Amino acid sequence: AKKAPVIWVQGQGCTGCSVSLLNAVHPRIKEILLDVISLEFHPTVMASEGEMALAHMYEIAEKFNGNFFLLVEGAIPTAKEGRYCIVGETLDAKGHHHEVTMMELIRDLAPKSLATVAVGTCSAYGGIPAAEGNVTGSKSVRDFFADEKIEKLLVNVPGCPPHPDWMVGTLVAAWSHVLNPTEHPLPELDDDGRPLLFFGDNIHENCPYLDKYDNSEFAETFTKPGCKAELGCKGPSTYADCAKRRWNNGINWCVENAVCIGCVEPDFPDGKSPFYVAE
């Protein structure tokens, strides 16, 4: 019952990908932590801090070289020599202090990893930190890897945040592959590196309001009956299995409640805005 080693790093993130993971069911997070993964480094929940936390991260990246998953939450800012995201401070054989940027951290750990998994639209595609108006040179993992000429297996699990089922499912599929690659091939990815398992369905094609759409029955306001298209719904241009899976253990989902804002797509948010204007 060997657990998947995970180093979870945060760049320009909001911790929402982490919080969404905490909402997992079947398995729940307790079983994920004790039975499924070894969460070796995670800045939001781990016991150790500062020097001890970083020393442990680097020790795991060495001992488990080529045998841990690098999970990345948040974007990578490249402006001002990476100084818009300082992730920690290191100390030399002498006593002096050196700050570590998100760029430096990813350049360091990615080649050590077995695979990198970019969880959330920020890390996968740039997302909100990389949206129009930002001055931080905010970049996705795929773009940073391309700029750095880093060839490391990369899987994107987008969403803002992703559903825990997408993160857990992808990680379990990757680990199963490593353990027995011919019995468990890697999930097929689309052109944007995200698994068809979760991101192959078009929301609109699978939407329970499609009959209403077809009969031109559009909700005049949020609290009137009908398809949500006139309220701004981006279901037509969005690929995820939300219509089937729903959210928060099946309690609700964006389209029933309001509108889809296309949060899993590589052009989120700018290509999906304004949110409350129809596509």
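The first residue of the sequence shown is number 1, and the count goes up from there.
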Between 1 to 9 and 269 to 277, point out the one with the higher average CA B-factor as the PDB entry records it. 1 to 9
With respect to the recorded C-alpha B factors, which stretch has the higher mean value, 211 to 219 or 248 to 256? 211 to 219
By the entry's C-alpha temperature factors, tell me which of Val135, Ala124, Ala131, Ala93 sits highest. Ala93
Residue with maximal Cα B-factor (values as given in the PDB entry) among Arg194, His97, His163, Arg142: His97
CA B-factor placement of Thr182, once the chain's modelled residues are sorted into thirds: highest
Of the three thirds of the chain ranked by Cα temperature factor, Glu49 occupies the middle
Relative to the other modelled residues of the same chain, rank the CA B-factor of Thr101 and answer lowest, middle or highest third. middle
Using the B-factors in the PDB entry, rank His56's C-alpha atom against the chain and give the third, lowest, middle or highest. middle
Please place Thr238 in the lowest, middle or highest third of its chain by C-alpha B factor as given in the entry. lowest
